[PDB]
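# Summary of the model geometry
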Amino acid sequence: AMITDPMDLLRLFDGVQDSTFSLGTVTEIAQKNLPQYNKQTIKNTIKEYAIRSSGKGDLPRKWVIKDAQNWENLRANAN
C-alpha cells in the first residue's frame, strides 16, 4: 500500500530529497504534512521511490529520489 495521489507524492518527494535523517524520522516528518496516511504506507512509498546514499564521502548520508524523470513527469501534470 502506497501513496498514489500525484500532489501528495510531490509533497513527499520534496521533504525526502536531501534530508539527512533516518527513515523513521523522515517518515514522521512526512506524516505531519500528509496526515491522512499511516506510517507503513509512507515508509513503503519512500522505500519505493527513494534511496539513502551511503556516504562514503566524507559524506553527508542523505535521501535521494531515484527516478528524476518520473519526478519531472508528475511535476508537469500538476502545473
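X-ray crystallography is the method the PDB entry states for this structure, with the resolution given as 2.750 Å.

Moving on, we get to the environment of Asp8. Of note, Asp8 is situated in helix α1 (residues 6–16). Once the C-alpha coordinates of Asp8 and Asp58 are considered, the two residues, 50 residues apart in sequence, prove to be 33 Å apart. Apart from residues no more than four positions distant in its own chain, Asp8 is found in contact with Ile3, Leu34, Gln36 and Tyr37. At 2.5 Å, the side chain of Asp8 forms a polar contact with the side chain of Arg11. A distance of 3.3 Å separates a polar atom in the side chain of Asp8 from a polar atom in the side chain of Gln36.

Residue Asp58 is bonded to the preceding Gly57 through a cis peptide linkage, with omega at 15°. Residue placement: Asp58 occurs in the loop between β1 (50–52) and β2 (63–65). The backbone of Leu59 shows a phi angle near 70°, a positive value even though the residue is not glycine. Considering the arrangement of structural elements, one finds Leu59 in the loop between β1 and β2.

Another point: the packing of α1 against helix α3 (residues 39–49). Packing of α1 against α3 leaves a shortest axis separation of 11 Å and a crossing angle of 70°. Judged on the interaxial angle alone, α3 and α1 are roughly perpendicular. Here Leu9, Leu12, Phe13 and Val16 of α1 lie close against α3, whose contacting residues are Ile42, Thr45, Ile46 and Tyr49. In the contact of α1 with α3, the residues fall into 7 nonpolar, 1 polar and no charged.

Rules of the game
- Within each chain the first residue of the written sequence is number 1 and the count goes on from 1 in that order, possibly differing from the entry; residues lacking coordinates are omitted.
- As a rule here, side-chain values come from all non-hydrogen atoms in the structure, and water together with hydrogens is ignored.
- The secondary structure listing takes helices from DSSP runs of H or I that are at least 4 residues long and strands from runs of E that are at least 2 residues long, numbered from the N terminus.
- Contacts are assigned to residue pairs that have any heavy atoms within 4.5 Å of one another.
- Pairs of N or O atoms are called polar contacts if they sit within 3.5 Å, as long as, within protein, a hydrogen donor faces a hydrogen acceptor (for residues adjacent in sequence, only side-chain-to-side-chain pairs).
- In this description, a line fitted to the C-alpha atoms serves as the axis of each element, helices being fitted only across the stretch in contact, and the angle between N-to-C directions of two axes falls anywhere from 0 to 180 degrees.
- Orientation categories follow fixed angle ranges, with anything under 35 degrees roughly parallel, anything over 145 roughly antiparallel, 65 to 115 roughly perpendicular, and all other angles oblique.
- Under the grouping applied here, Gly and all other residues not named as nonpolar or charged are polar, the nonpolar ones being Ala, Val, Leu, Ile, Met, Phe, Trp, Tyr, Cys and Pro and the charged ones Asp, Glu, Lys and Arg.

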